[PDB]
């Protein structure tokens, strides 16, 4: 998991490391420590948790694993497109 994507998504959201964990379902006791470990690259969360974090952060989970700056932006933006906007890009791909 890319620590910097985790930091940018959390900052845009406006919540602490501890808050993020609790909402993401991590136990109050270890929430603060764990969320800091992931954000400092000391440990990696597992994919389940990653999804849970993504859900709180209102981003697609794969943004967290996207190194390509240009692609990460596309994902972040695809996420917010409305019904027509996406239907446009779909015909585009196929």
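Numbering follows the first chain given and starts at 1. Between two forms, the rigid core is the largest collection of C-alphas that superpose within 1.5 Å.
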Worksheet item: With the rigid core as the fit anchor, does 60-68 or 25-33 show bigger C-alpha shifts in 4 other deposited structures of this protein?
Response: 25-33
Worksheet entry | Of 84-92 and 1-9, which departs more from this form in 4 other deposited structures of this protein by CA RMS after core fitting | 84-92
Fill in: Which of 16-24 and 80-88 has higher mean CA B factor, as the PDB entry lists it
80-88
Discussion item. Among 54, 35, 29, 44, where is the Cα B factor highest in this entry?
Written reply: 29
Discussion item. Quick check for you: using the entry's CA B-factors within this chain, is residue 11 in the lowest, middle or highest third?
Written reply: highest
